[PDB]
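As structure tokens, the structure follows; a few thoughts come after it.
A note on names: the letters A, B, ... follow the listed sequences, proteins ahead of strands, and every chain is numbered from 1. We use all heavy atoms of the structure for the numbers below, so side chains are in, but hydrogens, waters and symmetry mates are not.
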Amino acid sequence: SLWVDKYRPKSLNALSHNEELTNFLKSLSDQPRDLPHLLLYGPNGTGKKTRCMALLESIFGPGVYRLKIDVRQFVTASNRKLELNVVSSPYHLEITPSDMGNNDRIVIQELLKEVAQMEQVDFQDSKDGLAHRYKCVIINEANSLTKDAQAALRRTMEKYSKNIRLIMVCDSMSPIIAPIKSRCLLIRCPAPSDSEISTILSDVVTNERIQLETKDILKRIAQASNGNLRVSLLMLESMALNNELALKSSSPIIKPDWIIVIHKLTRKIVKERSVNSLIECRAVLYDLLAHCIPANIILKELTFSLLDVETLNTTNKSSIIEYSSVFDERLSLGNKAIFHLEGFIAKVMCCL
Amino acid sequence: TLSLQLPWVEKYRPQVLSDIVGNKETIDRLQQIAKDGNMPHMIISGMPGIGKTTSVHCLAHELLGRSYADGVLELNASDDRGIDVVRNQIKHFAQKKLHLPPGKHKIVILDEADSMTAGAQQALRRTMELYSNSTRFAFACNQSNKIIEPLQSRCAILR
Amino acid sequence: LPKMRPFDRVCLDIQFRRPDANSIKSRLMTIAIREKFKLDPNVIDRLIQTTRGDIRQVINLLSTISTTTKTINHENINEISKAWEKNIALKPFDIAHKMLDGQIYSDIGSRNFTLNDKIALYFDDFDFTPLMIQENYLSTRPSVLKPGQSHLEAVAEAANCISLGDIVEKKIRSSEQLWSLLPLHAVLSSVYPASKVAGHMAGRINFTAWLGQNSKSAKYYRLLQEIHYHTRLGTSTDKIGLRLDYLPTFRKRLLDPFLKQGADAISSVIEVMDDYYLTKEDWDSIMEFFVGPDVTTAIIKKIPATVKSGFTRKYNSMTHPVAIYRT
Amino acid sequence: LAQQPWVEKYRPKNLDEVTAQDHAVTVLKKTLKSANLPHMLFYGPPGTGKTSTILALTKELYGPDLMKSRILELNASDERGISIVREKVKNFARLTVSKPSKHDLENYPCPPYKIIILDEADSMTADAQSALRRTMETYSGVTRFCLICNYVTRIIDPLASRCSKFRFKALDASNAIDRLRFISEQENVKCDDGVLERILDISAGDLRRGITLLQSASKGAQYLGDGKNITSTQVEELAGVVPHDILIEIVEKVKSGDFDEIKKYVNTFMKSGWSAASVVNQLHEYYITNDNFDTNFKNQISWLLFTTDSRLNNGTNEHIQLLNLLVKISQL
Amino acid sequence: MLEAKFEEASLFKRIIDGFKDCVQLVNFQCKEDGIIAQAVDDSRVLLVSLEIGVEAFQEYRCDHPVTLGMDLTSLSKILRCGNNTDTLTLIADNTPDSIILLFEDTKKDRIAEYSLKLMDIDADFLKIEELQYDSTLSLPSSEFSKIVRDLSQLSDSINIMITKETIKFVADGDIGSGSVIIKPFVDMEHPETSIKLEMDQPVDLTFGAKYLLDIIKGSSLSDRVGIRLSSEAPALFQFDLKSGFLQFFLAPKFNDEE
Amino acid sequence: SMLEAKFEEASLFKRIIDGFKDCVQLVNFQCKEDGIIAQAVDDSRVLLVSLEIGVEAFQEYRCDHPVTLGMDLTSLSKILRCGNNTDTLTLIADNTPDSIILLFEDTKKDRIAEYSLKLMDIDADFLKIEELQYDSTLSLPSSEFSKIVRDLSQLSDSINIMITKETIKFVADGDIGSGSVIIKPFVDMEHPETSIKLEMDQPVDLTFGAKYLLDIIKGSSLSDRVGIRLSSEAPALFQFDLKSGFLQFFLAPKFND
DNA sequence: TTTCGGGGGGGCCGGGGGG
DNA sequence: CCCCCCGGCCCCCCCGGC
Ligand SMILES: Nc1ncnc2c1ncn2[C@@H]1O[C@H](COP(=O)(O)OP(=O)(O)OP(O)(O)=S)[C@@H](O)[C@H]1O
Ligand SMILES: Nc1ncnc2c1ncn2[C@@H]1O[C@H](COP(=O)(O)OP(=O)(O)OP(O)(O)=S)[C@@H](O)[C@H]1O
Ligand SMILES: Nc1nc2c(ncn2[C@@H]2O[C@H](COP(=O)(O)OP(=O)(O)O)[C@@H](O)[C@H]2O)c(=O)[nH]1
Ligand SMILES: [Mg+2]
Ligand SMILES: [Mg+2]
């Protein structure tokens with residue numbers, strides 16, 4: 001197994017960064033019978049899902065890690081057949097309704113309600129065979145839910161609080177509607193510090209018997225990850241595999257293919273500002289989008305790569321960031337992402 | 001109080017082609033057709049309340065005299081006009097045998113034909129073509145583009 | 001039409017083209033002589049243009065006009081043609097070619113071809129016109145540039161309006177079903193950008209590439225979802241994180257070994273797959289995602305056939321775990 | 001009970017338990033004797049007590065037993081298409097009122113009509129509301145309607161005309177302090193002076209958020225087990241409020257006016273997970289109430305903050321919006 | 001090594017059909033004692049238990065207990081093609097990736113032998129330790145099916161109350177309410193249809209209409225069905241087999257008002 | 001209870017309801033000491049159904065004070081389908097009732113089925129619509145009327161009934177052709193049930209819709225004969241006589257224009 | 001391509017009636 | 001007791017501006 005997954009902590013006591021958050025989670029788990037609905041918001045790859053699983057393991061037993069995948073049927077008003085993959089344990093269910101796009105509402109109105117409106121049979125650890133505890137539902141990528149699904153969650157959260165408790169995870173609370181935020185206890189999940197990332201990487205290296213010339217290499221990996229611990233671990237593994245498990249001070253930092261393509265697009269845009277350049281940029285954007293690269297990620301990375309160009313002056317950067325804001329709003333409210341990306345590229349080309 | 005009076009729009013609806021105002025050339029052409037018979041397949045188009053239904057009804061009445069009851073098949077949006085209706089009832093009416101003066105034919109009046117679906121219009125084509133020796137078709141519509149091109153090719157355009 | 005696809009290569013296709021006026025002038029002369037009405041040969045071509053080469057229509061026109069008019073001369077040809085002129089809905093290529101023409105956007109051309117006419121031209125096909133405009137608005141030589149305005153500025157303005165039109169379209173096809181905004185969309189997606197970059201086409205008009213790219217993206221997203229839910233029990237991320245972070249390391253642990261130790265990596269690779277409930281089809285799908293300098297097509301092709309055959313035999317001769325039963 | 005969150009545990013049980021909605025609760029209590037309850041349209045910001053108020057009104061109108069057969073509740077979790085409105089709602093509105101028992105008649109007012117509560121009505125389509133218009137008008141004799149929403153503009157004008165409007169005011173430290181203090185006392189929560197006022201200021205009109213924050217602070221204090229009063233510092237920390245030192249650092253970087261420094265600082269800042277809305281609100285408070293700025297500067301910054309907040313409300317990227325706002329402010 | 005030669009294969013077909021809707025992947029433990037199965041539903045609100053004793057089979061023997069993760073849909077596919085009157089046998093081997101189902105008949109020509117793939121399902125040590133059920137009863141399966149079908153049209157929830165000489169079934173819906181109250185009934189001419197009731201403490205429980213409909217759908221196994229209700233434990237719906245039984249544990253609806 | 005009416009078998013009530021369930025949706029029953037009088041109107045407001053059931057039809061009937069129950073026919077049919085046809089059927093209602101209770105009791109066993117159907121608020125009057133002196137009144141076996149209606153409906157959607165001295169004419173004109181059936185009064189002592197009688201004051205001629213007549217003929221299962229009363233400027237009355245009651249259909253003729 | 005609603009048209013299924 | 005007629009769901013597909 002990959003080192004990122006093989007060394008993931010499985011308990012609150014096993015956490016290694018953000019000790020204050022660990023103490024807060026322990027306080028919340030001390031008396032879980034009245035735990036409110038939780039909404040963990042924070043940067044990607046920081047450990048939000050790890051901390052949610054640790055909290056569940058603190059509330060219930062280790063059995064929370066005995067997961068299984070099932071497939072649930074759904075029928076729309078037009079009789080369309082939809083499948084939803086549900087990860088479940090003897091104590092909780094995990095769902096990602098956004099997998100069904102605009103149909104996510106149905107999952108909220110049919111599946112979740114069904115969980116909250118009935119009791120469950122528990123033939124292990126219970127003498128009577130009936131569960132004497134509330135069931136936990138984790139909603140992944142809660143920020144991807146449509147407004148209809150979020151609205152449907154509202155009364156379900158309140159009516160059946162005795163039987164169901166919700167734990168949602170998100171990278172940004174901006175798409176969450178105000179009532180849902182009001183109904184949840186908000187938990188901020190800060191990214192680990194550079195020293196903590198270096199400590200984790202050093203522990204992994206020691207466990208894997210990887211030869212390291214200097215610890216600074218780990219530090220160099222930590223900055224390149226921009227606080228993303230998953231990216232840090234995966235990059236460490238890639239670097240080790242690319243140097244026969246022997247890393248040196250000259251070991252280059254590996255970047256993913258899509259990032260390289262975006263950097264090349266930035267260079268092309270800066271160098272050439274014309275309609276033919278725009279057509280080539282459109283081709284590159286189509287290629288990036290066709291391979292499951294989200295449009296928002298493309299816009300963010302392109303904007304920051306452009307702002308990192310040394311030859312641009314302050315006026316150009318101000319115009320670029322303003323256009324990025326405008327077209328991020330456009331993307332949030334649109335269907336065809338390529339249209340907005342092309343518009344942003346054209347505006348940037350005009351400004352330069 | 002409980003006895004309604006006929007509105008002037010219906011009370012003074014023109015009953016003869018000479019009582020219709022406007023579109024002098026087309027009205028005179030319709031009068032000539034009525035006098036000499038041999039009515040062709042026609043599509044009358046325009047905007048609301050200009051005298052399309054009145055003109056079609058007056059032409060049919062003048063042409064068919066007392067044979068109006070048997071020689072005219074009137075269908076509009078208020079009646080079912082699906083593909084099955086076109087294939088069965090309209091086809092039977094076209095295939096019907098009726099005795100009329102030498103210069104007259106049976107008339108099918110599809111008022112508000114723009115509401116008909118594409119399939120019914122397609123089904124009407126060969127029915128119009130094969131039975132033209134005894135049946136003629138008059139469409140009245142508000143938007144000519146709704147009528148498919150094959151039907152327009154078979155008719156005379158009166159805008 | 002797509003409905004006629006099954007008849008592609010199971011019949012001899014015989015095409016009939018609109019007959020020219022010279023091929024029917026004698027017939028019209030014979031009909032006019034027999035029916036006792038004067039028909040000037042000069043105006044015959046105008047009549048054919050009116051009906052767009054429909055002999056049935058032109059004969060019907062002659063029959064209808066001869067009832068009261070006994071002479072079709074140059075004097076009355078204009079009125080008759082304008083009364084009987086056909087209205088054929090243009091196809092997407094014709095719509096794109098006409099909308100991007102710079103003449104219609106000039107003052108005089110605006111007087112002849114009006115804004116209502118442009119909106120009707122869009123409505124001739126309201127599901128493909130915006131796509132065609134978005135596809136072809138970057139491949140013209142504008143003749144409507146304002147004093148000092150460059151081609152790039154007009155292109156940027158057109159792109160901004162296309163983005164606004166996309167937002168309007170999202171509004172239209174929402175749960176509210178706001179189809180009353182269809183006219184507005186026509187202006188924002190087709191008419192305004194075309195007016196901004198109207199002129200002469202620099203090259204061949206191309207059909208929209210958005211549909212094929214959208215279908216390809218949907219297919220790749222489906223493959224990504226299957227791969228993610230096959231490995232969901234071992235990883236900690238969403239599908240996007242799997243695409244952006246995990247797949248490079250998975251390649252380094254699944255593809256690179258075959259390029260260094262040849263057939264000695266097989267077992268190791270299999271082990272990795274067994275650790276994540278992966279399969280051969282997932283292997284190929286994962287190898288099909290990378291772009292830029294990480295394209296594997298040539299790399300996979302260059303692998304010796306013996307190594308791939310051995311990998312297939314080893315996989316097919318061993319039992320593997322199942323993450324999801326009855327997917 | 002001990003197995004319920006404080007928000008649900010302390011939900012009002014009767015109209016007298018509503019804290020700061022007297023302008024409407026008085027009329028609702030009057031209707032008990034008047035027995036001519038009109039069609040109601042409750043609207044207001046989140047967590048003001050609309051659902052609690054309607055539930056308490058039904059409780060006091062029909063009592064625990066007769067309520068089930070007299071109330072029809074539909075919310076966003078239920079399908080409410082035009083067909084549903086035209087069939088199910090119409091059929092329920094056409095039914096005769098259930099017969100009260102002797103107990104109910106002698107112990108409760110038992111008005112001669114039933115109630116349909118369409119909670120979160122702003123999520124319903126316009127066609128469904130149009131269908132509801134004449135259904136409410138025709139059967140007013142035996143049925144009354146309650147529409148609860150957050151955005152009143154989403155209700156079609158005919159329905160708003162048919163309904164009597166009730167605006168639920170925002171709950172702040174001035175009108176809701178008593179309820180929070182009562183909850184804290186009943187829970188034996190030890191807090192320093194001004195802690196409850198600070199909680200209500202942070203909640204910004206939402207009493208549910210304030211109660212949840214109080215419960216979180218109480219849990220933290222109990223886990224600590226130090227027997228010390230809860231301070232405002234941990235209350236601010238639990239609410240996600242940025243520390244004042246960080247805000248001053250951001251203000252200084254903005255005053256510097258260098259694009260690169262601002263970009264680097266914002267990149268470092270976004271790694272802490274602070275929500276963009278809280279940062280924007282704190283910046284607005286700092287700048288608008290500062291005496292070291294001219295009228296023109298405040299005039300421009302108010303519009304800049306309004307634009308940034310409107311963009312953020314659409315679910316945009318927090319990093320880009322915050323960087324754009326800070327860059328624009330630095331150039332004022 | 002392992003075989004369960006049946007008196008009539010139709011019995012096995014009905015047994016498999018009786019719980020196909022509730023569960024689809026169930027582990028069957030074949031021992032010399034018989035066939036055992038215990039599967040929890042996907043929603044963790046219903047449990048299906050199956051027991052087929054050695055006596056029921058015409059000729060059953062086992063040399064080593066074997067757990068087969070046979071799929072129910074594939075088993076139904078195998079059994080549907082079989083003839084009306086056969087002697088289904090379940091032969092397997094030491095390392096079975098498939099089990100050969102021999103559909104043998106008295107005649108040497110009416111044979112429908114097939115093969116059925118076996119899946120690898122994970123099985124846990126489910127415990128069904130007996131509990132002091134408050135009140136139990138047994139009534140003909142046809143009557144239960146009629147009651148459930150009639151009451152489902154009214155509402156999706158059905159309430160069962162056991163009181164002194166009273167078995168109350170209630171279905172309250174939007175259009176109205178229905179009740180089919182029955183009392184202890186004994187027939188001397190045909191005791192087989194008599195209603196049996198042993199009541200210890202009062203019980204009132206609400207169940208989902210869909211689950212009850214699914215349970216009664218598999219009532220062809222026996223002309224009688226037994227219901228055991230405990231105030232603090234899930235109900236139990238039992239259909240006696242020739243030498244075992246098919247049992248269902250259903251979790252009652254959460255009582256929000258309580 | 002306020003009202004308690006017992007049917008020896010639920011079959012009779014089921015057949016009575018099935019006689020007019022396909023033409024109307026909402027019905028209002030007024031129960032008094034003399035029996036039950038019910039009225040219903042179709043959606044198009046073209047047909048009116050009036051049912052009367054006397055006390056003689058019930059094994060035991062008791063109604064202390066008049067009570068009005070407004071119900072929806074499809075729900076009533078759905079409820080009735082849940083009870084067996086061989087069980088005694090008791091209709092029970094209370095003062096100012098909110099629901100009607102249907103009790104299906106099987107004396108053979110201890111099976112009792114209680115079904116509560118919620119009433120709907122319907123404030124309407126019966127108007128006791130019955131013209132005093134109709135222009136013409138005839139009666140004939142229900143089978144003949146049903147056969148004639150079925151035969152003529154196949155040709156046209158409209159059927160014309162003309163009554164003249166010793167002549168009853170049913171005419172239909174359609175696209176494929178026309179049909180005409182002429183019947184004269186006749187009496188047979190051997191089988192009087194097959195006789196048709198007519199009494200005419202003025203000649204009559206009225207056009208009706210075929211669909212409504214097709215719905216009306218469904219009542220032939222309740223009576224062997226049918227009586228038709230026709231008058232100009234008044235709706236046509238089709239009556240089927242029951243053992244101790246009646247079923248009447250008032251059908252408005254089409255406008256002559 | 002497509003997030004509802006309406007409309008049209010075809011294929012079954014099954015109640016009832018007839019022989 | 002079996003076969004045929006013809007009402008009702010059930011499903012699939014296609015517009016939706018002036
Ligand atoms: N040319 C006309 N001369 C006299 N009366 C007319 C004329 N046109 C319309 N009317 C009057 O308006 C009434 C309606 O005329 P119609 O023939 O129904 O118009 P229409 O164009 O067919 O309406 P549409 O296209 O179905 S909305 C007639 O009864 C006449 O009384
Ligand atoms: N006026 C109030 N008085 C007392 N408690 C209140 C009041 N308003 C809100 N609360 C508290 O917050 C909780 C939620 O109140 P709600 O009635 O759900 O507010 P709401 O306005 O209906 O929320 P929305 O509009 O659906 S986001 C209650 O259980 C109370 O504990
Ligand atoms: N040693 C250590 N690793 C952690 C910790 N938290 C997260 N990680 C690692 O970081 C990886 C990503 O964490 P994850 O929760 O999936 O990211 P998120 O859900 O996007 O916030 C995990 O696979 C862990 O290996 C921690 O507290 N200690
Ligand atoms: Mg007209
Ligand atoms: Mg509320």
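- When each of C/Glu169 and B/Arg87 is assigned the nucleotide of DNA chain G bearing its nearest heavy atom, the one mapping closer to the 5' terminus is C/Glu169.
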Using a 4.0 Å heavy-atom cut-off to protein, can you give one letter per nucleotide of nucleotides 13-19 of chain G, 5' to 3': B if the base is in contact, S if only the sugar-phosphate is, - if neither? -------
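- When each of B/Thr117 and C/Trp179 is assigned the nucleotide of DNA chain G with its nearest heavy atom, C/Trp179 is the one assigned upstream, toward the 5' end.
- A positive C1'-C2'-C3'-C4' torsion places the sugar of H/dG7 in the north, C3'-endo-side range.
- Using a 30° and 60° split on the angle between ring planes, F/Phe249 and F/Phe240 fall in the perpendicular class, above 60°.
- The pair D/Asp78-A/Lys113 meets the salt-bridge criterion, with a side-chain N (NZ, NE, NH1 or NH2) lying under 4.0 Å from an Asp/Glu carboxylate O.
- Taking atom CD of residue C/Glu176 and atom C1' of nucleotide G/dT2, one finds them 15 Å apart after rounding to whole Å.
- Comparing G/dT1, H/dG17, H/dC11 by their nearest atom to the side chain of C/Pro183 picks out H/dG17.
- Picking from G/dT3, H/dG17, G/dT1 the nucleotide with the shortest atom distance to the side chain of C/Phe123 gives H/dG17.
- In this structure, C/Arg173 does not reach the H/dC15 phosphate: none of its side-chain N or O atoms is under 4.0 Å from OP1 or OP2.
- Note: NZ (F/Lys211) to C1' (H/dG7) measures 15 Å, nearest angstrom.
- Remark: D/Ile156 engages D/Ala126, D/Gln129, D/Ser130, D/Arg133, D/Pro158, D/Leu159 in a side chain to side chain contact (heavy atoms under 4.5 Å, CB included) (not counting sequence neighbours).
- Taking 90° from 0 as the syn/anti boundary, the base of H/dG17 is oriented syn.
- Which of G/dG9, H/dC11, G/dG6 sits closest to the side chain of D/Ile82 comes down to G/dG6.
- Between the side chain of A/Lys336 and the base of G/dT1, at least one donor-acceptor pair of N or O atoms lies under 3.5 Å.
- The pair D/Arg154-D/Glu120 fails the salt-bridge criterion, with no side-chain N (NZ, NE, NH1 or NH2) lying under 4.0 Å from an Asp/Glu carboxylate O.
- Comparing the same atom, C1', in G/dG8 and in H/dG17 gives a spacing of 22 Å after rounding to whole Å.
- If you measure from atom CD of B/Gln143 to atom P of H/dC15, you get 18 Å, rounded to the nearest angstrom.
- In this structure, A/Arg80 places its CZ atom 6 Å from P of G/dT3, rounding to the nearest Å.
- A salt bridge links F/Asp151 and F/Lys147; the closest N-O separation between the charged side-chain nitrogens and carboxylate oxygens is under 4.0 Å.
- Using the Watson-Crick or G-U wobble rule with both distances under 3.5 Å, H/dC15 pairs with G/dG5.
- A salt bridge does not link F/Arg15 with F/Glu9: none of the charged nitrogens is closer than 4.0 Å to a carboxylate oxygen.
- Regarding A/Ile106, its CD1 atom lies at a distance of 12 Å from the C1' atom of G/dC4, rounded to whole Å.
- More than 12 non-hydrogen atoms from other residues, nucleotides or ligands lie less than 6.0 angstrom from NZ of E/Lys217.
- Between G/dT2 and H/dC12, the distance separating the two P atoms is 16 Å to the nearest Å.
- For the pair A/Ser78 and C/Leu181, both in contact range of DNA chain H, the more 5′-proximal nearest nucleotide belongs to A/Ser78.
- To the nearest whole angstrom, the two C1' atoms, one in G/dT3 and one in H/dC18, are 26 Å apart.
- Rounded to whole Å, the P atom of G/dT1 lies 13 Å from the corresponding atom of H/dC13.
- Among the heavy atoms of the strands lying under 4.0 Å from C/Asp127 is at least one base atom, whether or not backbone atoms are also near.
- Between C/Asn214 atom CG and G/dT3 atom P the separation is 12 Å, expressed in whole Å.
- Residues C/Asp127 and C/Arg173 are paired through a salt bridge, judged by an N-O separation under 4.0 Å between the basic side chain and the carboxylate.
- Closest approach to the B/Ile83 side chain among G/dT3, G/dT1, G/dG9 is made by G/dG9 (side chain taken as heavy atoms from C-beta onward).
- Looking at heavy-atom distances under 4.0 Å, C/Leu184 makes no contact with the nucleic acid at all.
- In plain terms, the two heavy atoms of A/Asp99 and C/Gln225 that are nearest each other are CG-NE2, 3.3 Å.
- Rounded to whole Å, the distance from CG on C/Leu121 to P on H/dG17 is 18 Å.
- Dense packing is recorded around NZ of C/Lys216, with more than 12 heavy atoms of other residues, nucleotides or ligands lying under 6.0 Å away.
- When heavy atoms are screened at a 4.0 angstrom cut-off, D/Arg80 is found touching no nucleic acid atom at all.
- Taking 3.5 Å as the limit, the base of G/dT3 and the side chain of A/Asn335 contain a donor-acceptor pair of atoms between them.
- Applying the Watson-Crick and G-U wobble criteria (two distances, each under 3.5 Å), G/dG19 pairs with H/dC1.
- Atom CG of F/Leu214 is separated from atom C1' of H/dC5 by 14 Å (rounded to the nearest Å).
- In a base pair of the Watson-Crick type (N1 to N3 plus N6-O4 or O6-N4) or a G-U wobble (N1-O2 and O6-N3), with each distance short of 3.5 Å, G/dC13 is matched with no nucleotide.
- OP1 or OP2 of H/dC11 lies within a sub-4.0 Å distance of a side-chain N or O belonging to A/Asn79.
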